[PDB]
């Protein structure tokens, strides 16, 4: 592992919802939450041996935190990931999650092109227990900006993005739960797909430690905070090539 290229630097964005509800309207509370969350997730990544040997030490580090203290004003018919209203149904607490991810990607394209990954942290209750979403590890996108021409958008956006909400079913999720979400979304970014039931090694029963982080259903069990051998094989396949493409030295 090239120590000169072993860290995926992140642009972390806290929207107005996150700032208000998780940050208590304070920059310090907002940033401290995210700084600590990413550091705990980094411990999971950095300690993972992707090949089950010595290919470890790859992780994540925040390059910049953008803090949106208030909603983005929009002209009628114009949308922005940080606008006050949910989209497409303003009556719902939250956006449709796929549309929000697409929108965030569009709005931050310029910034995303300069970083390994961009991650949006929000506080809105996506329908039916959904916590987050990311590009990559889907049956394109993920670490290192990859252009996608948006015919509707008329410009390139980049697929090096994902998002986490820390609200679910009307309440703030536990910090231990939030760690798992961001770990899972970044997991997709790093190239992992959901662990399948058909592979017991990658989706153990409860007595064998439970499921791994990439299981598609949402952390008290031993395996919950770890990547399965399935996730490790997928991530390992492109990590070194992606590392040479956009990873940097750990700070």
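Residue numbers count along the first chain shown, from 1.
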Among the other entries of this protein that model both neighbours of residue 138, is it absent from at least a third? yes
Would you class the number of unmodelled deposited residues between residue 226 and residue 227 as none, 1 to 3, 4 to 9, or 10 or more? none
Deposited but uncoordinated residues in the residue 139/residue 140 interval: 4 to 9
Which has higher Cα B-factors on average according to the PDB entry: 114-122 or 88-96? 88-96
Comparing 5-13 with 234-242, which has the greater mean CA B-factor as deposited? 234-242
Among 69, 188, 40, 66, which residue carries the highest C-alpha B-factor recorded in the PDB entry? 69
Quiz for you: based on the deposited Cα B-factor, which of 80, 154, 171, 146 is highest? 154
Sorting the chain's modelled residues by C-alpha B-factor and splitting them into thirds places residue 195 in the middle
Looking at the temperature factor on the CA atom of residue 49, which third of the chain's modelled residues does it land in? highest
Considering only modelled residues of the same chain, in which third does the CA B-factor of residue 179 rank: lowest, middle or highest? lowest
Going by the CA temperature factor in the PDB record, which third of the chain does residue 60 belong to: lowest, middle or highest? middle
Third of the chain's Cα B-factor distribution that residue 134 belongs to, per the entry: middle
